[PDB]
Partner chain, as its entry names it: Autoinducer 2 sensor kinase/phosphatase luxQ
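Below, in structure tokens: the form solved without the partner chain, a single chain.
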């Protein structure tokens, strides 16, 4: 149903050129809008940003700062909901975004819920769509893909974590998984990890629980999983809030021996890493996606071609890392968001 990130870029060489060009623009110093818009642009954001994870909040912060440094006049309406919830608000806010004739509508997709909405925008409106936290183009939309898919590739991050656990434990190691809520994130972060680990190290999956994408749910799921399968050496978590909940569970059960990962490397995760509560995590160079979105909008306003997809990079972080390594990474990742 989805194109792999590299698979997409290899299939369409011109897309790889565009993506590489955006990547270079993101790292290079700000080159302000060459053509001033006579109307400030209207931007609407609908993000499942109400979480312990600071990804969404930092994304808007870095995004707005880059828009500022690029001299782009804009009006931004923001709506933050909780993941796996607030279905009504999400629906009402998305419709309101189109009603207000926004120039750019930014949101995410984890379920099939808003696909028809996307199709409507693409076929009958002038509103451009930016889909955050997804870097795998939807095949059914090959004839007309959204303006931009942006994020930190889930498959890559999960492969990096899988490689690490593969080196930390011997063949046939017992483990359990804590998924996100049912959907895309669980599929691309969870099943990717399970597949590689089982295929390359013959690890033995003991259980895999779907969650409600919250810390409380991660805690509840970890306890349930360990009650039925205490003989595991590690637990792979598919998201920040869930992993932090699992941490609390391990502490309560006195099972600090069990390794647990974070997924994303935001401030709460890094604090847990330095505390030793989280053993490892794949840290994304966070602000790069917010910056990429501002650059993409800039190119659009300059009538330049914009890549269909853009994925930022990751850095593996462990509790054994020195404070200098952590500080150096924060300097890179939160250069704009602070």
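Positions refer to the first chain, counted from 1. Take the two forms, superpose them, and find the largest set of C-alpha atoms that agree within 1.5 Å; that set is the rigid core.
A second form of this protein, the form deposited with the partner chain bound, is not displayed here; the remarks below concern that form.
- Although the partner is absent here, residue 201 lies well away from the partner chain in the bound PDB entry, with no heavy atom inside 4.5 Å.
- None of the heavy atoms of residue 101 is located within 4.5 Å of the partner chain in the bound PDB entry.
- The closest heavy atom approach of residue 233 to the partner chain in the bound PDB entry falls outside 4.5 Å.
- Interface residue remark: residue 127 is not counted as part of the site for the partner chain in the bound PDB entry, having no heavy atom within 4.5 Å.
- When the partner chain is considered in the bound PDB entry, only one residue from 192, 108, 163, 173 comes within 4.5 Å through any heavy atom, namely 192.
- Here the chain stands by itself, but in the bound PDB entry one stretch of 146 to 154, 127 to 135, 258 to 266, 111 to 119, 111 to 119, has heavy atoms within 4.5 Å of the partner chain.
- Looking at 88 to 105, the residues that come within 4.5 Å of the partner chain in the bound PDB entry, counting any heavy atom, are 88, 91, 92, 94, 95, 98, 99.
- Looking at 74, 184, 210, 117 after a core superposition between the shown form and the other one, you find that only 117 has a C-alpha shift of 2 Å or more.
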